[PDB]
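Engineer: Here it is, the structure in full.
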There are 2 protein chains.
Amino acid sequence: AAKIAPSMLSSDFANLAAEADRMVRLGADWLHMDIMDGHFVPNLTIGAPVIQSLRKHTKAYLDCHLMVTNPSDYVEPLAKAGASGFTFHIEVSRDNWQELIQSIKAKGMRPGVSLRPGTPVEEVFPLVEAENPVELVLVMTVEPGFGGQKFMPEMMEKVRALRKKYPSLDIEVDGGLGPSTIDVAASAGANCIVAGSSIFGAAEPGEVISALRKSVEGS
Amino acid sequence: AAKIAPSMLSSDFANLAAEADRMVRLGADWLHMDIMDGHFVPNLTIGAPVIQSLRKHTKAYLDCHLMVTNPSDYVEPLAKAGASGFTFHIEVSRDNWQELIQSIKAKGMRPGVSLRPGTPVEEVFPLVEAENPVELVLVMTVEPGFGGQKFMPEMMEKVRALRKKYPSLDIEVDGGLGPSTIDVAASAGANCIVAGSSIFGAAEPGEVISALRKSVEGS
Ligand SMILES: [Zn+2]
Ligand SMILES: [Zn+2]
């Protein structure tokens, strides 16, 4: 199924409640929340508290991308906060993915995993195949850090690879996605698109979302 | 001079723009922003991005309290974001306070320093006396982590001590400040008060602010 989740990171943070409600109105399936602690990536954005306050205003799906080092330590707070999706990083999740995916799941959150550009795609299959597996895989399409970097087409090799072995797994692409790049990723197998400036900086935001969706469905 | 800065951390994060504008209306002199990376304290709140979006909505003074480990790395972003005051922690700022205070200053922000409960007050005098010194000292009145902890009167010893040697230095108290405790701190020497639940959870928020101020001036 197609899923177009705007990256609230490129929105008016002073007006999350507003922005969030406006994206659904325009077609937002999910709301992509990037939580960074400045240690895993040279940048600190938002944490649990935020997520929580936002849940008191919208019932939308909150896709939480955990770019932190101590993810296990966020599972409890984010759950309470009301996160819908919890996605961790294979890099720091080495050696507990099995326990982690279970903690996440047992909290009512859809567990997911992600891998930076330079991380062999193979590394997730084990996590995608486990008894209690992740239900989504996020493929970083740029070096994780700040919004506005150049889309990396090479990363598409990972999308196709995934899509082949797993025909119905939600595959998410995050970084640079927009009209100009949606197609190359749509054909690769991505069905969960995260858009940032391509939406919050468009004259026709609603339109843009409607275009990312078609792309994916026309695939 | 008295300064009553509400702690935006206890506000409706989904509506910062709103909340912030509402506090000025009621009397807020400054807006206390607590930036935590989860590594210096088991909690992650908000980072530069937020601060920035918020600057596009208000001209209020943004008092930034940096509870991070790598503070020097936030000086550049916060400056651009529009922070008015940059306050770092003596614990992690050991060995560069001189260079740090200068970086902060040279960016147009008022440099400040803070010390957890268990940190000998003496440790800041050097920083308060330097050629390019800090212009404010924050005295943690509770163990740094989450809003809602018990005020620690003992910590007042530090306020008095500071106020004595430095008669006109802005002294800030953060943690549990409210009507019930403003006086003990007002008499000690504190003139910059940071209030959280005592304001955002009051029936007469505006009134509360007016009460914290009198306390201080009646001193
Ligand atoms: Zn993301
Ligand atoms: Zn503070």
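All Cβ positions, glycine included, derive from the backbone under ideal geometry; neighbour counts span all protein chains shown. Just so you know, all these numbers are worked out from the coordinates, no wet-lab data involved.
Engineer: Using label points projected 7 Å from each Cα along Cα→Cβ, tell me how many nm separate residue A:1 and residue B:21, to one decimal.
Structural biologist: 3.7 nm
Engineer: Where does the protein assembly as shown land on Rg/Rh, using Cα atoms and the Kirkwood Rh?
Structural biologist: Taking Rg over the Kirkwood Rh, I get 1.02.
Engineer: Oh, and also: Suppose only helical runs count, i.e. DSSP H with n ≥ 4. What mean residue ellipticity at 222 nm does that imply for the protein assembly as shown under -39500 (n - 2.57) per run, divided by all residues and rounded to the nearest 500 deg cm²/dmol?
Structural biologist: For the protein assembly as shown, the value works out to -10000 deg cm²/dmol.
Engineer: Choose one answer from B:82, B:201, B:112: the residue with the largest mean-square fluctuation in a GNM of chain B with alpha-carbon springs under 10 Å.
Structural biologist: Residue with maximal mean-square fluctuation among B:82, B:201, B:112: B:201.
Engineer: Return the equivalent ellipsoid semi-axes of the stretch A:89-219 as a descending list in whole Å, where each equals the square root of 5 times an eigenvalue of the C-alpha gyration tensor.
Structural biologist: 26, 15, 15
Engineer: Among all the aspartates and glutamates, which ones have a C-alpha under 13 Å from residue B:56's C-alpha, if same-chain residues fewer than 8 places away are not counted?
Structural biologist: The qualifying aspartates and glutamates are A:12, B:21.
Engineer: Right, here's the next one. Within straight cross-link reach of residue A:214, meaning Cα distance under 17 Å, which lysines are found once same-chain residues fewer than 8 apart are removed?
Structural biologist: Reachable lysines: A:3.
Engineer: What ranking of A:33, B:109 emerges when the number of other C-beta atoms within 10 Å of each C-beta is taken as an exposure proxy, fewest first?
Structural biologist: B:109, A:33
Engineer: Sorted by packing (mean other beta-carbon atoms within 10 Å per residue), highest first, where do A:141-147, A:116-122 land?
Structural biologist: A:141-147, A:116-122
Engineer: Per-residue Cβ counts within 10 Å, from other chains only, averaged over A:29-39: what number is that?
Structural biologist: Shielding by partners across A:29-39 averages 4.
Engineer: Can you compute the FRET efficiency between residue B:160 and residue A:99 using 1/(1 + (r/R0)^6), with r the Cβ-Cβ distance and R0 = 41 Å? Round to the nearest 0.05.
Structural biologist: 0.25
Engineer: How crowded by other chains is B:74-82, given as the mean number of beta carbons from other chains within 10 Å of each beta carbon?
Structural biologist: 1
Engineer: Most mobile of B:111, B:42, B:205 per a Gaussian network model of chain B (Cα springs, under 10 Å)?
Structural biologist: B:42
Engineer: Sticking with this one: Output the relative contact order of chain A, whole-number percent, from Cα pairs under 8 angstrom with separation of 6+ residues.
Structural biologist: Once normalised by length, the contact order is 20 percent.
Engineer: Taking every residue in B:46-57, how many Cβ atoms of other protein chains lie within 10 Å of its Cβ, on average?
Structural biologist: Mean shielding count: 5.
Engineer: Measuring from a point 7 Å past the Cα of residue A:130 along Cα-to-C-beta, which residues in the stretch A:63-84 have an amide N at less than 13 Å?
Structural biologist: A:72
Engineer: Follow-up. Would you list which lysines come within 17 Å of residue B:105, measuring only between C-alpha atoms, while excluding same-chain residues fewer than 8 positions from it?
Structural biologist: Within the straight-line cut-off, residue B:105 pairs with B:80.
Engineer: Related question: Considering only the label points, 7 Å along Cα→Cβ from Cα, what distances in nm to one decimal separate residue A:214 from the same position in each other copy, shortest first?
Structural biologist: 6.5
Engineer: Put the label 7 Å from Cα along Cα→Cβ for residue B:183; what are its distances to the other copies, in nanometres, shortest first?
Structural biologist: 7.4
Engineer: Which of rounded, prolate, oblate describes the stretch A:33-113, given a ≥ b ≥ c as roots of the alpha-carbon gyration tensor eigenvalues and a/c under 1.5 marking rounded, otherwise prolate only if a/b is larger than b/c?
Structural biologist: oblate
Engineer: Something else now. Shortest first and in nm with one decimal, please list how far the residue A:96 label point sits from its counterparts in the other copies (point 7 Å along Cα→Cβ).
Structural biologist: Nearest first, the other copies' label points are 2.8 nm away.
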